[PDB]
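Just the one chain here, laid out as structure tokens, in the form deposited in one PDB entry.
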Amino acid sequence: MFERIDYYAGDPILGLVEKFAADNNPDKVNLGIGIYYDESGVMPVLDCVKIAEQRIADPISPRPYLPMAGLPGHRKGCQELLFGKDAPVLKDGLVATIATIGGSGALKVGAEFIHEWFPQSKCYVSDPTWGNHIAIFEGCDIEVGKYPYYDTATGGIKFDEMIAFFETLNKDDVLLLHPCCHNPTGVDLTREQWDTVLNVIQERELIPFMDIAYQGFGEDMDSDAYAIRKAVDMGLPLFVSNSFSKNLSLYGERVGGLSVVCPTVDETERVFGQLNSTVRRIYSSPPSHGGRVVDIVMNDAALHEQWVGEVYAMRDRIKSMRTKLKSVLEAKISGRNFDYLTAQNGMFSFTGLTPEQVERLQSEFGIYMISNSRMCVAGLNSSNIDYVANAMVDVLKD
């Protein structure tokens, strides 16, 4: 029956957790996973989630289908979070929004929608990007290309070539952009740079599709969304897929949102029904439990304020692990430039180690990273920071 079917590409990450788990080094450190661990190196349960979940368990309720669009409040919660409490665009009702099965599901729905209505659009992703970007858009039959981003020569954005590359693009072509906290690089645009990029997206009539998955891991909630809020202010046909996976420690509960910012209330009505019809032919309606958590935390001002504070705690704990790392490297490689480590943001960092050095960390010291040089800065804490740091020193000098 099925011998024509090829074996899958495979899970690059589980083959990586499997290798680490197997790794015999007692001092082993996993900087390879895409996940927040606290300073005790465990996945945190947030205090506000914990309260929300207590509410859900009292009383245990009947469990109807959620609307295809997800809970009214969940929907609002993504919107306020992304566009600002009581944003003009929200008052005028110019945004169509759905709850979604994570960021992933929001990517999937946006992509499927853009495939149905703009079957002529190619999509570009950044180079590099999270590989699931590509598999999701390719999964819909969109042509995926990449645009020039990480300058491997400098640790910086190759901004010029990037811009000029947008100049070559067609009406309605889609740009998958990271508003903050780049994955895999941690390398972010500046505001004045976002301002440039956006005028280009306006001038060539392109679609910006922003995938924001680390809001608050960056600078702060409001600031992290700058690109989004600018794009709105500029009349761009904005798509926004957003995720609560990392910033609620709710990865498994699959909570996310897709937003589409339209010109007029009537176009909003059109897009919205279509987002609904798309959800319907995929999975029907989103999971209740996750939905209630997002609903409760975002909309209960006290819990929201609590939430935000836990989020900044993580943002800050990362920043310290970041600065604590650079100080040990500069102390011991007197010549070198390590600024990029603290100039980066979010949960990831391109360390600028060569594939070979990354190999040597693993084989000599039990330290797992990805070979493009990506490390998960959250994997680091005080019980492992010296061990990693000195291990990096050994590999870097040689």
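What we label the rigid core is the largest C-alpha set whose atoms superpose within 1.5 Å from one form to the other. In case it trips you up, residue 1 is the first one in the sequence shown, and so on.
Another form exists, deposited in another entry; not displayed. Remarks below refer to it.
Residue 331: CA moves 2 Å or more between the shown form and the other one after rigid-core fitting. With the core held fixed between the shown form and the other one, residue 382 has its Cα displaced by under 2 Å. Residue 49 is not among the residues whose C-alpha shifts by 2 Å or more between the shown form and the other one once the rigid core is aligned; its shift stays under 2 Å.
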